[PDB]
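Structure file target_4.txt with compact mmCIF, C-alpha atoms:
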```
# COMPACT_ATOMS: atom_id res chain seq x y z
CA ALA A 1 0.00 0.00 0.00
CA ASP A 2 2.47 2.61 1.19
CA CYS A 3 4.93 -0.07 0.09
CA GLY A 4 8.21 0.70 -1.67
CA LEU A 5 8.54 4.24 -0.32
CA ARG A 6 11.52 4.50 2.08
CA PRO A 7 11.17 6.84 5.11
CA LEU A 8 14.76 8.16 5.13
CA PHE A 9 14.81 8.61 1.28
CA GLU A 10 11.75 8.90 -0.98
CA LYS A 11 9.60 10.31 1.86
CA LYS A 12 12.42 12.81 2.47
CA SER A 13 12.98 13.33 -1.24
CA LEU A 14 16.51 11.91 -1.07
CA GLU A 15 18.52 9.36 -3.00
CA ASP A 16 21.17 6.83 -2.00
CA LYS A 17 24.68 6.78 -3.51
CA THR A 18 23.86 3.89 -5.90
CA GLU A 19 20.22 4.61 -6.80
CA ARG A 20 20.88 6.21 -10.20
CA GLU A 21 23.23 3.35 -11.16
CA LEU A 22 19.97 1.46 -11.41
CA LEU A 23 17.83 4.05 -13.18
CA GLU A 24 20.51 4.80 -15.75
CA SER A 25 20.44 1.09 -16.56
CA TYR A 26 16.78 0.92 -17.56
CA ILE A 27 17.73 1.19 -21.23
CA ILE A 28 27.58 -10.02 -0.61
CA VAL A 29 30.92 -10.15 -2.46
CA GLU A 30 32.25 -6.86 -3.86
CA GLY A 31 29.48 -4.77 -2.40
CA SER A 32 29.46 -1.81 -0.05
CA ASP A 33 28.12 -0.80 3.32
CA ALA A 34 24.46 -0.06 2.75
CA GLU A 35 23.41 3.33 4.14
CA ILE A 36 21.05 3.67 7.13
CA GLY A 37 17.50 2.79 6.24
CA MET A 38 18.31 2.33 2.56
CA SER A 39 16.92 -1.21 2.73
CA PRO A 40 14.19 -0.83 5.41
CA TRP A 41 12.40 -3.99 4.34
CA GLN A 42 15.51 -6.15 4.78
CA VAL A 43 15.09 -8.97 7.31
CA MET A 44 17.27 -11.48 9.12
CA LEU A 45 16.28 -15.08 9.71
CA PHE A 46 17.81 -15.88 13.06
CA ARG A 47 18.09 -19.29 14.73
CA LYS A 48 17.08 -19.37 18.42
CA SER A 49 19.38 -22.10 19.74
CA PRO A 50 22.13 -22.04 18.96
CA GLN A 51 21.98 -18.32 18.25
CA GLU A 52 22.95 -17.86 14.62
CA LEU A 53 22.08 -16.04 11.40
CA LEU A 54 20.89 -18.45 8.77
CA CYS A 55 19.30 -16.32 6.05
CA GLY A 56 17.99 -13.06 4.69
CA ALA A 57 14.34 -12.22 4.10
CA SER A 58 11.99 -9.31 3.47
CA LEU A 59 9.11 -7.55 5.19
CA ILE A 60 6.30 -7.24 2.64
CA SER A 61 3.69 -6.19 5.19
CA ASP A 62 3.46 -5.60 8.94
CA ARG A 63 2.39 -9.27 9.17
CA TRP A 64 4.27 -11.17 6.44
CA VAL A 65 7.82 -12.10 5.59
CA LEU A 66 9.28 -13.44 2.37
CA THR A 67 12.31 -15.71 1.91
CA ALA A 68 13.77 -18.66 0.04
CA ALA A 69 12.25 -22.08 0.63
CA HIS A 70 15.58 -23.84 0.98
CA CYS A 71 16.46 -21.49 3.84
CA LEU A 72 13.76 -23.27 5.84
CA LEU A 73 13.31 -26.62 4.15
CA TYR A 74 16.05 -28.81 2.72
CA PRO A 75 15.93 -32.58 3.46
CA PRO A 76 19.41 -33.37 2.10
CA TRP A 77 20.82 -31.79 5.29
CA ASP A 78 17.99 -32.69 7.65
CA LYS A 79 16.95 -29.04 7.61
CA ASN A 80 13.37 -28.52 8.62
CA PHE A 81 12.76 -25.54 10.88
CA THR A 82 9.56 -24.83 12.78
CA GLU A 83 7.68 -21.70 13.84
CA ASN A 84 9.60 -21.52 17.10
CA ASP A 85 13.01 -22.80 16.08
CA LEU A 86 13.48 -19.37 14.53
CA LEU A 87 13.24 -15.64 14.98
CA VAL A 88 13.13 -12.74 12.58
CA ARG A 89 15.01 -9.52 13.24
CA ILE A 90 13.87 -6.37 11.48
CA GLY A 91 15.34 -2.90 11.09
CA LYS A 92 18.84 -4.13 11.78
CA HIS A 93 22.00 -2.60 10.32
CA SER A 94 24.95 -4.01 12.17
CA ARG A 95 25.37 -7.73 11.77
CA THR A 96 26.14 -8.26 15.44
CA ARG A 97 25.19 -5.40 17.77
CA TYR A 98 21.64 -5.48 19.10
CA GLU A 99 20.24 -2.20 17.85
CA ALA A 100 18.00 -1.51 20.83
CA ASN A 101 15.47 1.16 19.89
CA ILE A 102 15.82 0.44 16.15
CA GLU A 103 15.43 -3.25 15.31
CA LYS A 104 12.45 -5.38 16.22
CA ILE A 105 12.41 -9.07 17.04
CA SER A 106 9.31 -10.93 15.85
CA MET A 107 8.13 -14.49 16.40
CA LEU A 108 6.56 -16.87 13.96
CA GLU A 109 2.90 -17.76 13.62
CA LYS A 110 3.06 -20.09 10.61
CA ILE A 111 5.62 -21.13 8.01
CA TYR A 112 4.42 -21.53 4.43
CA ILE A 113 6.61 -23.31 1.91
CA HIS A 114 5.67 -23.50 -1.75
CA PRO A 115 3.78 -26.77 -2.44
CA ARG A 116 5.83 -27.34 -5.58
CA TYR A 117 9.22 -26.31 -4.16
CA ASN A 118 11.73 -28.65 -5.85
CA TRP A 119 14.80 -29.43 -3.74
CA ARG A 120 15.52 -32.85 -5.28
CA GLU A 121 16.71 -31.16 -8.47
CA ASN A 122 17.06 -27.40 -8.77
CA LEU A 123 15.29 -25.38 -6.09
CA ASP A 124 12.46 -24.76 -8.56
CA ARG A 125 9.90 -22.42 -6.96
CA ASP A 126 12.35 -21.56 -4.20
CA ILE A 127 9.96 -19.39 -2.20
CA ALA A 128 8.25 -19.39 1.22
CA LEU A 129 6.16 -17.06 3.42
CA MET A 130 6.18 -16.44 7.18
CA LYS A 131 3.26 -15.08 9.21
CA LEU A 132 4.26 -13.18 12.34
CA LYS A 133 2.62 -13.93 15.69
CA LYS A 134 2.50 -10.19 16.31
CA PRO A 135 2.29 -7.38 13.66
CA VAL A 136 5.37 -5.16 13.34
CA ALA A 137 5.47 -1.40 13.81
CA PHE A 138 6.75 0.69 10.92
CA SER A 139 9.55 3.12 11.66
CA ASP A 140 12.13 4.98 9.63
CA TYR A 141 13.95 1.67 9.72
CA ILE A 142 11.23 -0.92 9.27
CA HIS A 143 9.18 -0.55 6.11
CA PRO A 144 7.71 -2.89 3.43
CA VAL A 145 8.81 -3.43 -0.19
CA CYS A 146 6.21 -3.90 -2.94
CA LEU A 147 5.28 -7.07 -4.77
CA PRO A 148 5.60 -6.92 -8.56
CA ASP A 149 2.63 -7.08 -10.95
CA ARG A 150 2.13 -7.58 -14.72
CA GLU A 151 3.22 -4.06 -15.65
CA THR A 152 6.04 -3.70 -13.17
CA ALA A 153 7.41 -7.10 -14.15
CA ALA A 154 7.37 -6.41 -17.90
CA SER A 155 9.02 -3.00 -17.53
CA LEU A 156 11.83 -3.73 -15.11
CA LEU A 157 12.72 -7.39 -15.50
CA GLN A 158 14.95 -7.10 -18.54
CA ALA A 159 18.53 -8.02 -19.45
CA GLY A 160 21.00 -5.26 -18.69
CA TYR A 161 18.61 -3.78 -16.16
CA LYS A 162 20.17 -3.60 -12.75
CA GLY A 163 18.51 -4.70 -9.54
CA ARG A 164 19.96 -4.48 -6.03
CA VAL A 165 20.84 -7.24 -3.55
CA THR A 166 21.51 -6.55 0.12
CA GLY A 167 22.60 -8.80 2.94
CA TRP A 168 24.76 -9.82 5.85
CA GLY A 169 26.04 -12.87 4.02
CA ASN A 170 29.69 -13.78 3.46
CA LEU A 171 32.07 -11.48 1.60
CA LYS A 172 33.76 -14.34 -0.17
CA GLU A 173 33.59 -18.10 -0.63
CA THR A 174 34.03 -20.29 2.49
CA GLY A 175 34.21 -13.47 6.97
CA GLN A 176 30.99 -11.54 7.54
CA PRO A 177 30.41 -7.79 7.39
CA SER A 178 29.61 -5.75 10.49
CA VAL A 179 26.91 -3.95 8.57
CA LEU A 180 24.34 -4.75 5.90
CA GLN A 181 25.96 -4.93 2.48
CA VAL A 182 24.60 -3.70 -0.85
CA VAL A 183 25.53 -4.40 -4.47
CA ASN A 184 23.88 -3.57 -7.77
CA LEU A 185 23.79 -6.26 -10.42
CA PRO A 186 22.42 -6.51 -13.98
CA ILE A 187 19.81 -9.01 -15.14
CA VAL A 188 21.33 -11.58 -17.49
CA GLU A 189 19.59 -12.99 -20.58
CA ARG A 190 18.06 -16.41 -19.92
CA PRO A 191 20.07 -18.12 -22.70
CA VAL A 192 23.36 -17.07 -21.09
CA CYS A 193 22.11 -18.03 -17.61
CA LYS A 194 21.19 -21.43 -19.03
CA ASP A 195 24.47 -22.46 -20.64
CA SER A 196 26.44 -20.94 -17.75
CA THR A 197 25.66 -23.99 -15.65
CA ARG A 198 24.86 -27.67 -16.11
CA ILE A 199 21.86 -27.26 -13.83
CA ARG A 200 18.39 -27.27 -15.34
CA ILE A 201 16.95 -23.73 -15.39
CA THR A 202 13.27 -22.77 -15.02
CA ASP A 203 11.09 -19.74 -15.80
CA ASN A 204 10.50 -19.55 -12.05
CA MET A 205 14.06 -18.30 -11.77
CA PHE A 206 16.23 -15.64 -13.31
CA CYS A 207 19.86 -14.72 -13.01
CA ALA A 208 21.58 -11.36 -12.48
CA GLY A 209 25.28 -10.55 -12.49
CA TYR A 210 28.09 -9.12 -14.61
CA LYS A 211 29.84 -10.86 -17.48
CA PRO A 212 33.58 -11.72 -17.66
CA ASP A 213 34.37 -8.79 -20.00
CA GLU A 214 32.45 -6.04 -18.17
CA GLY A 215 35.13 -5.37 -15.55
CA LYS A 216 32.83 -5.00 -12.56
CA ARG A 217 32.02 -7.95 -10.29
CA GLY A 218 29.79 -8.80 -7.37
CA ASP A 219 27.33 -11.46 -6.34
CA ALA A 220 25.44 -12.86 -3.37
CA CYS A 221 26.86 -15.50 -1.05
CA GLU A 222 26.20 -17.67 2.01
CA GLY A 223 23.81 -15.89 4.33
CA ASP A 224 22.20 -13.75 1.65
CA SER A 225 19.79 -16.48 0.52
CA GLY A 226 16.16 -15.61 1.16
CA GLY A 227 17.21 -11.98 0.79
CA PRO A 228 15.65 -9.53 -1.71
CA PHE A 229 16.62 -8.47 -5.20
CA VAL A 230 14.93 -5.14 -5.81
CA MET A 231 14.39 -2.54 -8.52
CA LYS A 232 13.15 1.04 -8.30
CA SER A 233 10.35 1.72 -10.77
CA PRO A 234 11.22 4.95 -12.65
CA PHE A 235 7.53 5.55 -12.93
CA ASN A 236 6.33 5.80 -9.35
CA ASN A 237 9.63 5.95 -7.48
CA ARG A 238 8.74 2.70 -5.70
CA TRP A 239 10.88 -0.30 -4.82
CA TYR A 240 9.79 -3.80 -5.81
CA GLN A 241 11.11 -7.24 -4.86
CA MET A 242 11.70 -8.94 -8.20
CA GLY A 243 13.60 -11.90 -6.83
CA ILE A 244 14.83 -13.79 -3.78
CA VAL A 245 18.41 -14.90 -3.35
CA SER A 246 18.07 -18.58 -4.32
CA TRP A 247 21.22 -20.38 -5.36
CA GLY A 248 24.42 -20.29 -7.37
CA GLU A 249 27.72 -22.09 -7.88
CA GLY A 250 30.33 -20.63 -5.57
CA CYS A 251 30.21 -16.86 -5.19
CA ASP A 252 31.29 -14.45 -7.90
CA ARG A 253 33.03 -17.02 -10.08
CA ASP A 254 33.93 -15.79 -13.57
CA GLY A 255 31.26 -16.74 -16.08
CA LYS A 256 29.08 -17.98 -13.27
CA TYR A 257 25.86 -16.31 -12.22
CA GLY A 258 23.59 -15.91 -9.25
CA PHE A 259 20.09 -17.30 -9.45
CA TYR A 260 17.00 -15.68 -7.97
CA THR A 261 13.48 -16.95 -7.42
CA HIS A 262 11.28 -15.16 -9.99
CA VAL A 263 8.79 -13.53 -7.60
CA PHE A 264 6.08 -12.37 -10.01
CA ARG A 265 6.03 -15.80 -11.66
CA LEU A 266 4.70 -17.07 -8.34
CA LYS A 267 2.81 -14.05 -7.04
CA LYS A 268 -0.35 -16.08 -7.56
CA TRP A 269 0.65 -18.43 -4.75
CA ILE A 270 1.69 -15.61 -2.44
CA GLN A 271 -1.66 -13.92 -2.94
CA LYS A 272 -3.41 -17.25 -2.36
CA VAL A 273 -1.88 -18.03 1.02
CA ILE A 274 -2.18 -14.46 2.26
CA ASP A 275 -5.86 -14.18 1.32
CA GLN A 276 -6.62 -17.65 2.72
CA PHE A 277 -5.88 -16.26 6.19
```
How does this structure look as structure tokens?
Amino acid sequence: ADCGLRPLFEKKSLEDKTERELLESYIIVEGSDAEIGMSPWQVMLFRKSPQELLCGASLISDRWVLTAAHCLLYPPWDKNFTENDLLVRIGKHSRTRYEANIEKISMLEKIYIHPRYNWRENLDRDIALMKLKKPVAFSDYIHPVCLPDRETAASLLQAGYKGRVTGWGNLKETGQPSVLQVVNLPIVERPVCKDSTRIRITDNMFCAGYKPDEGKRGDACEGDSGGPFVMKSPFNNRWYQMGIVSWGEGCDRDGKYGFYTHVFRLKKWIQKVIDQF
């Protein structure tokens, strides 16, 4: 509703140091310290006991969180979290300090994993929702991102177009940053994404990232999964979550690419589960 409009930026008619890098393109390894409240919707999947960060996520409403399905469910490693095995921290900035009157710790009501999530082969439909026991309060640090729609999707999800990925994940291949990281990457053309790996691709997933001859680098890594991949719509100055950090081979390997769950391609589900409750 009031989604996509950041308190310490749009609301205050301000722009972040990398915002235009995105606009000017419409026709976390090697990132940078995000700026305060520049990713208000960012979330942290935290494990109660032992205490540990296990994924990134995103606030898409005072009562719902979005993240990768593998983050929560992955049989191969006996991973199968439950409503109260986890916590979700919101409004954070530092990866370790407990930002007292800034961040907000929320509990889980219900976990919703996509019925067709495919872990046996290629994390197809790598998405999952999380209802919060108690609704969260919006602040200049905790605000929702928008969910894409026909129009938005068609306009912004194109090769060359840059989206942004933020997180507290690793800075290389296995340490962690002391503050949320940010990096801007370009959407790659499906054909390239396809023959870049021997894994079977799907329309439910897209890949961003620079090519070997472009000079620049950057990618997502361990701990960024479940995190958002956004884009600012030039039209209404709003931010949309176009993807979810899903998978990838290594982290910023030449001629390798990061794969993201294709949000809009599954918005139907999202809508379904949220309306059904």
So which one's closest to residue 251 (chain A), A:30, A:173, A:21, A:224? Using only C-alpha atoms, please.
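Of the candidates, the smallest distance to residue 251 (chain A) is held by A:173.
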For the atom pair CA of residue 270 (chain A) and CA of residue 142 (chain A), what is the interatomic distance in Å to one decimal place?
21.1 Å
Please, what distance in Å, to one decimal, runs between CA of residue 18 (chain A) and CA of residue 60 (chain A)?
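Value for the CA of residue 18 (chain A)-CA of residue 60 (chain A) distance: 22.5 Å.
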So, counting all atoms listed in the file, which residue among A:248, A:243, A:148, A:160 is closest to residue 24 (chain A)?
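Distance minimum relative to residue 24 (chain A) lands on A:160.
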Counting all atoms listed in the file, the option among A:185, A:168, A:211, A:114 closest to residue 268 (chain A)
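With all atoms listed in the file as the atom set, the closest residue is A:114.
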Which of these, A:31, A:175, A:50, A:115, has the shortest distance to residue 222 (chain A) once you count only C-alpha atoms?
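The closest residue to residue 222 (chain A) is A:175.
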Can you tell me, as a ChimeraX atom specification, what residues are no more than 12 Å from residue 62 (chain A) when counting only C-alpha atoms, ignoring any on the same chain fewer than 4 positions away?
/A:1-3,41,58,66,90,104,106,130-139,142-145
Considering all atoms listed in the file, can you say which of A:277, A:229, A:152, A:43 comes closest to residue 109 (chain A)?
A:277
Rounded to one decimal in Å, what is the spacing between CA of residue 33 (chain A) and CA of residue 155 (chain A)?
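One can read the CA of residue 33 (chain A) to CA of residue 155 (chain A) distance as 28.4 Å.
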Nearest-residue call for residue 95 (chain A), choices A:76, A:70, A:159, A:180, using only C-alpha atoms
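That would be A:180, the residue with the smallest distance to residue 95 (chain A).
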Given the point (-0.7, -9.1, -8.8) in the coordinates of this file, which residues lie within 10 Å, counting all atoms listed in the file, and how would they look as a tab-separated table (two decimals) with C-alpha atoms, keeping the file's coordinate frame?
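Written file, part_18.tsv:
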```tsv
chain	number	residue	atom	x	y	z
A	147	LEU	CA	5.28	-7.07	-4.77
A	148	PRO	CA	5.60	-6.92	-8.56
A	149	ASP	CA	2.63	-7.08	-10.95
A	150	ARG	CA	2.13	-7.58	-14.72
A	151	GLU	CA	3.22	-4.06	-15.65
A	152	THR	CA	6.04	-3.70	-13.17
A	153	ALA	CA	7.41	-7.10	-14.15
A	264	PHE	CA	6.08	-12.37	-10.01
A	265	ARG	CA	6.03	-15.80	-11.66
A	266	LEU	CA	4.70	-17.07	-8.34
A	267	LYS	CA	2.81	-14.05	-7.04
A	268	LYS	CA	-0.35	-16.08	-7.56
A	270	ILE	CA	1.69	-15.61	-2.44
A	271	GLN	CA	-1.66	-13.92	-2.94
```
Would you pick out the contacts of residue 116 (chain A) at 10 Å or less, using only C-alpha atoms, so that residues sharing its chain but fewer than 2 positions from it are not included, and give the list as a VMD selection string?
chain A and resid 113 to 114 118 to 119 123 to 127
For residue 112 (chain A), list every protein, DNA or RNA residue within 8 Å, evaluated using all atoms listed in the file, and leave out those in the same chain fewer than 3 positions away; present the list as a ChimeraX atom specification.
/A:128-130,273
Need the shell around residue 233 (chain A): protein/DNA/RNA residues with any atom at most 9 Å away, counting only C-alpha atoms. Skip same-chain ones fewer than 3 positions apart. Format as a ChimeraX atom specification?
/A:23,152,155-156,236-240
